[PDB]
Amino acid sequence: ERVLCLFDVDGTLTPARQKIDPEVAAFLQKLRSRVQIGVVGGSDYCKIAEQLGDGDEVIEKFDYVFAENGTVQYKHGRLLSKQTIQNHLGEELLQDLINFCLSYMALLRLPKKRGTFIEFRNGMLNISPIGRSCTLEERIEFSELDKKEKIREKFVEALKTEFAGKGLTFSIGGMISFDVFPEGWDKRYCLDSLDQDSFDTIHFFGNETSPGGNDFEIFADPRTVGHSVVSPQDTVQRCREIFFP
């Protein structure tokens, strides 16, 4: 009787980094008459809020809003607290990681550098060799240089080796940055809080459920019924089959 559908945002519910089609959002609300619904995204809260309504309408349209993989949580309109990356990792390791990064980037010579090479978020560190504060034209410029030169990839190889065995995971999401977060702090992080909400079934939907994609772990977890989708339209049809047959 208590079921939750939980959705990746990008490519599952919305075109990536863009806004949800009204027909999609309309279906979701209809679906809500049979199940609770929720979203989990890698992005921070405001980015998700923007794709999924006006202002803070997102926390109203969805029963659960897990931003930054669930290190930041909204449940039934209310913001829950957040375990901090430094609390979990401790100051010594966090700073070891940070100092490794500053040192590596100091030796990097790029066409352009800007600011915010290291962004401190709730559940990860976003590392960006060009600097997060560049224009779109500068994103594209660096992005093309990165493919040629594999700047982020090399950086991530060096980081992985250096911190081997120490509990860190790395990404490479987008044109200019990569993420660093504690082992476990992928999308699965949200499931722990969900465990205390007594659902009989948690269905997960994603578009990156293949090995490597950021939906894989949450998709494969024994706490969720996994579904793999290719489009928001695919997602909608899938829910039609399962919940409106």
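Start at 1 and count along the sequence shown; that's the residue number.
Comparing 160-168 with 138-146, the stretch with the higher mean C-alpha B-factor in the PDB entry is 138-146. When the mean C-alpha temperature factors of 34-42 and 48-56 are read from the deposited coordinates, 48-56 comes out higher.
The residue among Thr201, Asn69, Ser210, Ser177 whose C-alpha atom has the highest B-factor in the PDB entry is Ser210.
When the C-alpha B-factors of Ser103, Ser128, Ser81, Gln95 are ranked from the entry, the top spot goes to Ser81.
Sorting the modelled residues of the chain by their CA temperature factor places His76 in the highest third.
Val24: CA B factor in the highest third of modelled residues in this chain (values from the PDB entry). Among the modelled residues of its chain, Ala16 has a C-alpha B-factor that falls in the middle third according to the deposited record. Ranked within its chain, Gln237 lands in the highest third, by CA B factor from the PDB record.
The deposited CA B-factor of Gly115 belongs to the lowest third of values across its chain.
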